[PDB]
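> One structure is given below, represented as structure tokens, and several questions about it will come after.
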Amino acid sequence: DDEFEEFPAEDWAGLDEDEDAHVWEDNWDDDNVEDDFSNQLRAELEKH
Amino acid sequence: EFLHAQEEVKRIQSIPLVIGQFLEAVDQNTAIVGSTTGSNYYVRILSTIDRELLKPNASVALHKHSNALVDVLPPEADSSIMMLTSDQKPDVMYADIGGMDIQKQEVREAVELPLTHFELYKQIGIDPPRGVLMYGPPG
Amino acid sequence: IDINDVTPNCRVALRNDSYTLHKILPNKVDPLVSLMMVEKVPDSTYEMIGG
Amino acid sequence: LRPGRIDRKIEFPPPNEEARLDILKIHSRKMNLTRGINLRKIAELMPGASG
Amino acid sequence: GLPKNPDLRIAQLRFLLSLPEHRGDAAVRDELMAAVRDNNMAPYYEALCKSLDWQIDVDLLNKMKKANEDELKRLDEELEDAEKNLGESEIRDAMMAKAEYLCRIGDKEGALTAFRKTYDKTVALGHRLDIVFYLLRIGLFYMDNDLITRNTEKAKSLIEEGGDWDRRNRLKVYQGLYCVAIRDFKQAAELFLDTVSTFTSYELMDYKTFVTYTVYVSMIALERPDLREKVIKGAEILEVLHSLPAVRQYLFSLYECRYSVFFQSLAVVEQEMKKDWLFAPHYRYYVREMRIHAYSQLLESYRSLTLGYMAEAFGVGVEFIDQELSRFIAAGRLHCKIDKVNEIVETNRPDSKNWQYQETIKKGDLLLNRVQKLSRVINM
Amino acid sequence: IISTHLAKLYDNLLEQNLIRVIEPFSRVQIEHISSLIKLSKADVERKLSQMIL
């Protein structure tokens, strides 16, 4: 082993507990804040 | 020189050999073979022999005098011949038989259905039949 | 070869000219008894064998 | 059956209705059976059957 | 074929209340209150009030705690009587009754300890699997992921050791519900389809709801051939759907390429899934994936296409389809490019030989990395 | 019973007729195929899309 002592491990000062820790798949698009695709389709039908 | 030597050790494979039966492997370079003269022996295996082919109870050829395992014959020499299926094939069609639809279904299912499918046979917990016994009155 | 290894019912190899034991070849024990244990036999109980 | 050996003996008549249903359940446990399988109705439709 | 304990409709109602929109649902509140009154769940009522900032009806809770203590002391006395003289059987039944009432009232930790002790004493494999199922159902009710995983592994080990195929199929349904919970829709659909004809777990949900869940998971996990051979041509699924016009329309719109109706059905399914407690976490992922699936299905049979035609087919505007296609092409889901000066949707599906060459490069690079690391490590 | 199966027979014959009509072509027009098979352009296009799928 060649433990890289020169580079320190990130400090655990705060070390806040996991918010949700859900383990499904993450994925980027989940971050998006959409507007209720149902409402989107209703608006699309209304505006034709 | 090794390639030369391999070809020169085949003179131990002279034509008048004695067919035998390979029973068990002891050490490698040795084995126990059952000759057709009715006796077993603890004999040496020729180096050039491909040990992948020495399946249990596989036909082998032994030196006439030394009884050394010298060659591995094709899978079966055998005396119980197989149906020639070209001139010994019967001439009875399925149509030549009348009725017996249930019997035909069962027979052609127990020895062809396992050959087919098999992905339904375990799903329901029953095991495929090894054989079929046909019994009934005389004729 | 030590006689203590020449046990009853063991395969041996005898030489050609004069039968002289010179090896103790491997033997097939064939244990047919270690294949019928059913452990505690779970799911076999009076309640379900009712009657 | 000599004393000092296996002497006690227990008899087994042909199974009754409840015994037949239980044996059917036991032997049908390890099989893929569909919803609403009434092995009781099968036992009733199979009267006077043995193991 | 198992007790309705814990009643998962209680979890559904609690989730509905927790949802901001329906926290004022008078009818839902009355139904939950009636259930808790009948079942005498003092710990659960305390927890519900703590979570919802609701006033404590101490008048009811007083008699309710009285009844709970009466029943608990009865069970303890009966257990003591059992252990005094009776050998096994009766004592196990006593512990089972105690734990069952504790679960019915809502004491998570007391119920779990009681069931652990009962399991330790029990030796019948069927009863062990029943205990594991009770624990799995508690874990589903309280979404205790670690408990669910541990109990699933224990049940699998028991079935391996040997167990009834009825319990096997019940475990399949339980695993399917957990998979739906943790967003493993492929395995969820596989298990649900396998157990569509062998469904006996009415303790968890109704058969109609089970078939609806199977349909939903299948149309997202199964390709067109499998969806043809299993779901749409499934006799049992069709029989059940005959009484569910909405779900049948939702499935057949996608299958038959009636895209406007499919979008309407997905619109209603979005609200249904959001209200449902099991799907609520993944009520946007499913909708987005179904939209991607529909777009890909339409594009699979078109080298070139017109945004106007797509908008007409989907019953939407041109701008909406432009936004959706741009987003998905950027994310790398749909294989196509949008031409805007002339509104075309030219398809760009990759060539098989070239895709295979790229995959070979990538995988072989990983393998060669590993082989080089091993060779280096061998000497140092 | 014949009436029950007429719809399926019609679908199968439409499939095979489209295959036979479009066999000797590489960039045939949907309008031409519709004219050859005596069906509407929209119906022919939809059926061809389903067949490609």
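Letters A, B, ... mark the chains of the structure tokens in the order given; residue numbers begin at 1 per chain; ligand numbers begin at 1, in order shown.
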Near chain E, meaning an atom within 7 Å, which residues of chain F appear when counting only C-alpha atoms? Write them as a list in words.
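The contacting residues on chain F are residues 49, 52 and 53 of chain F.
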> Applying 12 Å and only C-alpha atoms, which residues near residue 24 (chain D) remain after dropping the ones on its own chain fewer than 4 positions away? List them as an mmCIF file with N, CA and C atoms, in the first residue's frame.

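Okay, this is what ended up in out-v3.cif:
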```cif
data_model
loop_
_atom_site.group_PDB
_atom_site.id
_atom_site.type_symbol
_atom_site.label_atom_id
_atom_site.label_comp_id
_atom_site.auth_asym_id
_atom_site.auth_seq_id
_atom_site.Cartn_x
_atom_site.Cartn_y
_atom_site.Cartn_z
ATOM 1 N N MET C 48 -50.295 -30.230 9.966
ATOM 2 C CA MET C 48 -50.534 -30.400 8.540
ATOM 3 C C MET C 48 -50.698 -31.856 8.131
ATOM 4 N N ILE C 49 -50.351 -32.807 8.997
ATOM 5 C CA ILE C 49 -50.686 -34.204 8.743
ATOM 6 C C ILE C 49 -51.961 -34.539 9.507
ATOM 7 N N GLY C 50 -52.731 -33.508 9.855
ATOM 8 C CA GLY C 50 -54.006 -33.682 10.525
ATOM 9 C C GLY C 50 -54.803 -34.830 9.949
ATOM 10 N N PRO D 15 -56.877 -44.104 4.465
ATOM 11 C CA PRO D 15 -57.166 -42.750 4.950
ATOM 12 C C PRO D 15 -58.625 -42.375 4.746
ATOM 13 N N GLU D 17 -61.581 -39.036 4.770
ATOM 14 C CA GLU D 17 -61.671 -37.834 3.945
ATOM 15 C C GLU D 17 -60.627 -36.800 4.358
ATOM 16 N N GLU D 18 -60.515 -36.536 5.662
ATOM 17 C CA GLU D 18 -59.562 -35.534 6.128
ATOM 18 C C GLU D 18 -58.131 -35.965 5.835
ATOM 19 N N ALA D 19 -57.821 -37.239 6.066
ATOM 20 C CA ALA D 19 -56.480 -37.730 5.776
ATOM 21 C C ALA D 19 -56.170 -37.611 4.292
ATOM 22 N N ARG D 20 -57.142 -37.934 3.438
ATOM 23 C CA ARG D 20 -56.928 -37.828 2.001
ATOM 24 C C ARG D 20 -56.659 -36.387 1.596
ATOM 25 N N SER D 28 -49.094 -31.862 -3.076
ATOM 26 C CA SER D 28 -49.247 -30.738 -3.986
ATOM 27 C C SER D 28 -48.546 -29.479 -3.496
ATOM 28 N N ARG D 29 -47.873 -29.538 -2.347
ATOM 29 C CA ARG D 29 -47.212 -28.349 -1.819
ATOM 30 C C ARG D 29 -46.186 -27.803 -2.803
ATOM 31 N N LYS D 30 -45.349 -28.675 -3.361
ATOM 32 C CA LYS D 30 -44.248 -28.249 -4.225
ATOM 33 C C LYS D 30 -44.660 -28.305 -5.698
ATOM 34 N N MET D 31 -45.717 -27.562 -6.019
ATOM 35 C CA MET D 31 -46.195 -27.451 -7.389
ATOM 36 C C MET D 31 -46.847 -26.091 -7.578
ATOM 37 N N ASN D 38 -59.224 -25.529 -5.312
ATOM 38 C CA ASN D 38 -59.977 -26.136 -4.217
ATOM 39 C C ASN D 38 -59.614 -27.616 -4.132
ATOM 40 N N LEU D 39 -58.480 -27.875 -3.483
ATOM 41 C CA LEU D 39 -58.072 -29.247 -3.242
ATOM 42 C C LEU D 39 -59.102 -30.000 -2.414
ATOM 43 N N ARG D 40 -59.920 -29.297 -1.628
ATOM 44 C CA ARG D 40 -61.009 -29.966 -0.926
ATOM 45 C C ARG D 40 -62.038 -30.512 -1.907
ATOM 46 N N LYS D 41 -62.411 -29.717 -2.913
ATOM 47 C CA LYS D 41 -63.321 -30.227 -3.930
ATOM 48 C C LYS D 41 -62.683 -31.357 -4.720
ATOM 49 N N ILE D 42 -61.372 -31.287 -4.961
ATOM 50 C CA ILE D 42 -60.698 -32.395 -5.634
ATOM 51 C C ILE D 42 -60.772 -33.661 -4.787
ATOM 52 N N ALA D 43 -60.526 -33.536 -3.483
ATOM 53 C CA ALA D 43 -60.618 -34.694 -2.602
ATOM 54 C C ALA D 43 -62.026 -35.271 -2.608
ATOM 55 N N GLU D 44 -63.040 -34.405 -2.572
ATOM 56 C CA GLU D 44 -64.417 -34.882 -2.619
ATOM 57 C C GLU D 44 -64.698 -35.608 -3.930
ATOM 58 N N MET D 46 -62.646 -37.175 -5.570
ATOM 59 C CA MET D 46 -61.827 -38.384 -5.537
ATOM 60 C C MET D 46 -62.160 -39.155 -4.265
ATOM 61 N N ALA D 49 -59.831 -43.012 -2.377
ATOM 62 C CA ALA D 49 -58.517 -43.064 -2.994
ATOM 63 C C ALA D 49 -57.449 -43.203 -1.919
ATOM 64 N N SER D 50 -56.329 -43.801 -2.300
ATOM 65 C CA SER D 50 -55.235 -44.097 -1.390
ATOM 66 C C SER D 50 -54.041 -43.197 -1.692
ATOM 67 N N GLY D 51 -52.944 -43.458 -0.981
ATOM 68 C CA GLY D 51 -51.761 -42.628 -1.129
ATOM 69 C C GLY D 51 -51.196 -42.653 -2.534
#
```
> I need the contact residues of chain E against chain C, so if you could list those with any atom within 8 Å, counting only C-alpha atoms, and return them as a list in words, that would help.
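In the required form, that comes to residues 123, 124, 125, 126, 162 and 163 of chain E.
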> Filtering to N, CA and C atoms, could you give me those residues as an mmCIF file, in the first residue's frame?

```cif
data_model
loop_
_atom_site.group_PDB
_atom_site.id
_atom_site.type_symbol
_atom_site.label_atom_id
_atom_site.label_comp_id
_atom_site.auth_asym_id
_atom_site.auth_seq_id
_atom_site.Cartn_x
_atom_site.Cartn_y
_atom_site.Cartn_z
ATOM 1 N N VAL E 123 -39.891 -23.537 15.466
ATOM 2 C CA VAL E 123 -39.071 -24.434 14.663
ATOM 3 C C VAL E 123 -39.744 -24.857 13.364
ATOM 4 N N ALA E 124 -41.058 -24.706 13.230
ATOM 5 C CA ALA E 124 -41.722 -25.036 11.977
ATOM 6 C C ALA E 124 -41.367 -24.007 10.912
ATOM 7 N N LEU E 125 -40.966 -24.489 9.734
ATOM 8 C CA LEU E 125 -40.534 -23.580 8.677
ATOM 9 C C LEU E 125 -41.680 -22.697 8.202
ATOM 10 N N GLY E 126 -42.886 -23.255 8.109
ATOM 11 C CA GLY E 126 -44.026 -22.445 7.717
ATOM 12 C C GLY E 126 -44.280 -21.299 8.676
ATOM 13 N N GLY E 162 -36.100 -24.926 2.031
ATOM 14 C CA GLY E 162 -37.255 -25.708 1.636
ATOM 15 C C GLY E 162 -38.547 -25.139 2.177
ATOM 16 N N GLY E 163 -39.512 -24.895 1.300
ATOM 17 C CA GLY E 163 -40.759 -24.286 1.724
ATOM 18 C C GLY E 163 -41.798 -24.385 0.632
#
```
> I want to know what sits within 12 Å of residue 29 (chain C), based on only C-alpha atoms, with residues of the same chain fewer than 2 positions away left out; could you give that as a list in words?
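Skipping anything fewer than 2 positions along the chain leaves residues 9, 10, 11, 26, 27, 31, 32 and 33 of chain C.
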> Output N, CA and C atoms for every residue in that selection, as a compact mmCIF listing (two decimals), in the first residue's frame.

```txt
# COMPACT_ATOMS: atom_id res chain seq x y z
N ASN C 9 -10.26 -56.07 1.71
CA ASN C 9 -11.02 -55.42 0.65
C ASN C 9 -10.35 -54.12 0.20
N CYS C 10 -9.15 -54.27 -0.36
CA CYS C 10 -8.43 -53.16 -0.96
C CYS C 10 -7.76 -53.64 -2.24
N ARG C 11 -7.88 -52.86 -3.31
CA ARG C 11 -7.27 -53.24 -4.57
C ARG C 11 -5.75 -53.11 -4.50
N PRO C 26 -5.83 -46.91 -5.82
CA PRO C 26 -6.98 -46.23 -5.23
C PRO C 26 -8.24 -47.08 -5.30
N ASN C 27 -9.10 -46.90 -4.30
CA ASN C 27 -10.31 -47.69 -4.16
C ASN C 27 -11.53 -46.78 -4.18
N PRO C 31 -19.77 -44.23 -0.89
CA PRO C 31 -20.67 -44.06 0.26
C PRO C 31 -22.09 -43.77 -0.21
N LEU C 32 -22.99 -44.72 0.00
CA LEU C 32 -24.39 -44.58 -0.38
C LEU C 32 -25.27 -44.19 0.80
N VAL C 33 -24.67 -43.85 1.94
CA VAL C 33 -25.44 -43.60 3.16
C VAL C 33 -25.50 -42.13 3.54
```
> For chain B, which of C:14, C:2, C:8, C:19 is the closest residue, counting only C-alpha atoms?
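Of C:14, C:2, C:8, C:19, the one nearest chain B, counting only C-alpha atoms, is C:14.
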> Within 12 Å of region 47-49 of chain B, counting only C-alpha atoms, which residues qualify if same-chain residues fewer than 6 places away don't, as a PyMOL selection string?
chain B and resi 2-3+5-10+12-13+28-30+60-61+68-73
> Hey, what's within 12 Å of region 8-11 of chain F if we count only C-alpha atoms and toss same-chain stuff fewer than 3 positions away? As an NGL selection string, please?
:F and (1-5 or 14-18 or 43-44 or 47 or 50-51)
> Output N, CA and C atoms for every residue in that selection, as a PDB file, in the first residue's frame.

```pdb
ATOM      1  N   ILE F   1     -69.326 -17.087 -36.731  1.00  0.00           N
ATOM      2  CA  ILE F   1     -67.906 -17.358 -36.511  1.00  0.00           C
ATOM      3  C   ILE F   1     -67.064 -16.780 -37.648  1.00  0.00           C
ATOM      4  N   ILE F   2     -67.524 -16.953 -38.889  1.00  0.00           N
ATOM      5  CA  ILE F   2     -66.825 -16.364 -40.023  1.00  0.00           C
ATOM      6  C   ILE F   2     -66.781 -14.851 -39.878  1.00  0.00           C
ATOM      7  N   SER F   3     -67.892 -14.251 -39.449  1.00  0.00           N
ATOM      8  CA  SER F   3     -67.911 -12.814 -39.214  1.00  0.00           C
ATOM      9  C   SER F   3     -66.923 -12.419 -38.130  1.00  0.00           C
ATOM     10  N   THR F   4     -66.810 -13.232 -37.081  1.00  0.00           N
ATOM     11  CA  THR F   4     -65.845 -12.948 -36.029  1.00  0.00           C
ATOM     12  C   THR F   4     -64.432 -12.891 -36.590  1.00  0.00           C
ATOM     13  N   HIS F   5     -64.082 -13.832 -37.463  1.00  0.00           N
ATOM     14  CA  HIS F   5     -62.718 -13.902 -37.978  1.00  0.00           C
ATOM     15  C   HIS F   5     -62.468 -13.039 -39.219  1.00  0.00           C
ATOM     16  N   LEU F  14     -54.333  -7.411 -45.816  1.00  0.00           N
ATOM     17  CA  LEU F  14     -53.774  -6.085 -46.046  1.00  0.00           C
ATOM     18  C   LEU F  14     -52.263  -6.098 -45.874  1.00  0.00           C
ATOM     19  N   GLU F  15     -51.778  -6.770 -44.830  1.00  0.00           N
ATOM     20  CA  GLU F  15     -50.337  -6.876 -44.628  1.00  0.00           C
ATOM     21  C   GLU F  15     -49.666  -7.494 -45.850  1.00  0.00           C
ATOM     22  N   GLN F  16     -50.170  -8.652 -46.284  1.00  0.00           N
ATOM     23  CA  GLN F  16     -49.530  -9.355 -47.391  1.00  0.00           C
ATOM     24  C   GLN F  16     -49.644  -8.572 -48.693  1.00  0.00           C
ATOM     25  N   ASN F  17     -50.777  -7.902 -48.915  1.00  0.00           N
ATOM     26  CA  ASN F  17     -50.944  -7.092 -50.114  1.00  0.00           C
ATOM     27  C   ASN F  17     -49.944  -5.950 -50.144  1.00  0.00           C
ATOM     28  N   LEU F  18     -49.737  -5.284 -49.007  1.00  0.00           N
ATOM     29  CA  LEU F  18     -48.744  -4.218 -48.972  1.00  0.00           C
ATOM     30  C   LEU F  18     -47.355  -4.763 -49.270  1.00  0.00           C
ATOM     31  N   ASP F  43     -54.399   5.738 -43.864  1.00  0.00           N
ATOM     32  CA  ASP F  43     -54.483   4.356 -43.408  1.00  0.00           C
ATOM     33  C   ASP F  43     -53.272   3.554 -43.863  1.00  0.00           C
ATOM     34  N   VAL F  44     -52.863   3.729 -45.120  1.00  0.00           N
ATOM     35  CA  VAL F  44     -51.711   2.987 -45.622  1.00  0.00           C
ATOM     36  C   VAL F  44     -50.455   3.373 -44.853  1.00  0.00           C
ATOM     37  N   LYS F  47     -50.539   1.787 -41.361  1.00  0.00           N
ATOM     38  CA  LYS F  47     -50.262   0.358 -41.412  1.00  0.00           C
ATOM     39  C   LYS F  47     -48.787   0.099 -41.680  1.00  0.00           C
ATOM     40  N   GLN F  50     -46.848   0.656 -38.509  1.00  0.00           N
ATOM     41  CA  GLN F  50     -47.000  -0.483 -37.610  1.00  0.00           C
ATOM     42  C   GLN F  50     -46.159  -1.666 -38.076  1.00  0.00           C
ATOM     43  N   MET F  51     -46.132  -1.917 -39.386  1.00  0.00           N
ATOM     44  CA  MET F  51     -45.350  -3.032 -39.908  1.00  0.00           C
ATOM     45  C   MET F  51     -43.863  -2.818 -39.667  1.00  0.00           C
TER      46      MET F  51
END
```
> Counting only C-alpha atoms, a student should be able to say which residues of chain E come within 10 Å of chain A; what is the right answer, written as a ChimeraX atom specification?
/E:145,179,181-184,263-271,282,284-285,287-288,315-320,327-328,331,380
> Please produce an output containing C-alpha atoms for each residue in the selection, written as a PDB file, in the first residue's frame.

```pdb
ATOM      1  CA  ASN E 145     -35.536  -0.325   4.152  1.00  0.00           C
ATOM      2  CA  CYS E 179     -38.811  -3.327  -6.092  1.00  0.00           C
ATOM      3  CA  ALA E 181     -40.655   1.037  -3.863  1.00  0.00           C
ATOM      4  CA  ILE E 182     -36.933   1.263  -4.666  1.00  0.00           C
ATOM      5  CA  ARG E 183     -37.545   1.921  -8.374  1.00  0.00           C
ATOM      6  CA  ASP E 184     -36.457  -1.456  -9.815  1.00  0.00           C
ATOM      7  CA  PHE E 263     -50.874  11.233 -23.410  1.00  0.00           C
ATOM      8  CA  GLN E 264     -54.262  11.803 -21.785  1.00  0.00           C
ATOM      9  CA  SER E 265     -54.009   8.452 -20.006  1.00  0.00           C
ATOM     10  CA  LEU E 266     -50.495   9.252 -18.807  1.00  0.00           C
ATOM     11  CA  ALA E 267     -51.783  12.602 -17.557  1.00  0.00           C
ATOM     12  CA  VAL E 268     -54.361  10.890 -15.347  1.00  0.00           C
ATOM     13  CA  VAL E 269     -51.887   8.171 -14.332  1.00  0.00           C
ATOM     14  CA  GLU E 270     -49.494  10.865 -13.115  1.00  0.00           C
ATOM     15  CA  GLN E 271     -52.021  12.096 -10.551  1.00  0.00           C
ATOM     16  CA  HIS E 282     -41.137   7.921  -8.553  1.00  0.00           C
ATOM     17  CA  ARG E 284     -42.081  11.942 -12.276  1.00  0.00           C
ATOM     18  CA  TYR E 285     -39.500   9.390 -13.403  1.00  0.00           C
ATOM     19  CA  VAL E 287     -44.022   9.865 -16.580  1.00  0.00           C
ATOM     20  CA  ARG E 288     -40.782  11.079 -18.158  1.00  0.00           C
ATOM     21  CA  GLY E 315     -52.343  16.551 -29.588  1.00  0.00           C
ATOM     22  CA  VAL E 316     -49.923  19.287 -28.513  1.00  0.00           C
ATOM     23  CA  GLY E 317     -48.259  22.352 -29.980  1.00  0.00           C
ATOM     24  CA  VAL E 318     -45.077  22.534 -32.009  1.00  0.00           C
ATOM     25  CA  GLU E 319     -43.114  24.387 -29.323  1.00  0.00           C
ATOM     26  CA  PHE E 320     -43.873  21.772 -26.661  1.00  0.00           C
ATOM     27  CA  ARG E 327     -34.259  18.022 -23.748  1.00  0.00           C
ATOM     28  CA  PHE E 328     -34.279  14.287 -24.432  1.00  0.00           C
ATOM     29  CA  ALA E 331     -29.898  13.896 -22.265  1.00  0.00           C
ATOM     30  CA  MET E 380       4.904  -4.461  -6.835  1.00  0.00           C
TER      31      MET E 380
END
```
> Compute the chain C side of the contact with chain B at 10 Å, counting only C-alpha atoms, and hand it back as an MDAnalysis selection string.
chainID C and resid 12:16 23 25:28
> Would you export the selected residues with N, CA and C atoms as a CSV table (one decimal), in the first residue's frame, please?

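The result, stored in out38.csv:
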```
chain,number,residue,atom,x,y,z
C,12,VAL,N,-5.1,-54.1,-5.1
C,12,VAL,CA,-3.6,-54.1,-5.1
C,12,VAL,C,-3.1,-54.5,-6.5
C,13,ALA,N,-1.9,-54.2,-6.8
C,13,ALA,CA,-1.2,-54.5,-8.1
C,13,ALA,C,-0.1,-55.5,-7.9
C,14,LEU,N,-0.2,-56.7,-8.5
C,14,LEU,CA,0.7,-57.8,-8.4
C,14,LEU,C,1.6,-57.8,-9.7
C,15,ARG,N,2.9,-58.1,-9.5
C,15,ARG,CA,3.8,-58.1,-10.7
C,15,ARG,C,3.4,-59.3,-11.6
C,16,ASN,N,4.1,-59.3,-12.7
C,16,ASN,CA,3.8,-60.3,-13.8
C,16,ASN,C,4.4,-61.6,-13.5
C,23,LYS,N,1.9,-52.3,-4.9
C,23,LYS,CA,1.2,-51.0,-4.8
C,23,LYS,C,-0.1,-51.2,-4.2
C,25,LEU,N,-3.5,-49.6,-5.0
C,25,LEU,CA,-4.2,-48.7,-6.0
C,25,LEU,C,-5.4,-48.1,-5.3
C,26,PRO,N,-5.8,-46.9,-5.8
C,26,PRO,CA,-7.0,-46.2,-5.2
C,26,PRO,C,-8.2,-47.1,-5.3
C,27,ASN,N,-9.1,-46.9,-4.3
C,27,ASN,CA,-10.3,-47.7,-4.2
C,27,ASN,C,-11.5,-46.8,-4.2
C,28,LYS,N,-12.6,-47.3,-4.7
C,28,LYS,CA,-13.9,-46.5,-4.8
C,28,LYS,C,-14.7,-46.9,-3.6
```
> What are the DSSP strand (DSSP E or B) residues of region 29-111 of chain B, as an MDAnalysis selection string?
chainID B and resid 31:35 40:43 45 58:62 69:72
> What does the distance from CA of residue 186 (chain E) to CA of residue 221 (chain E) come to in Å, to one decimal?
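Calculated distance between CA of residue 186 (chain E) and CA of residue 221 (chain E) is 4.9 Å.
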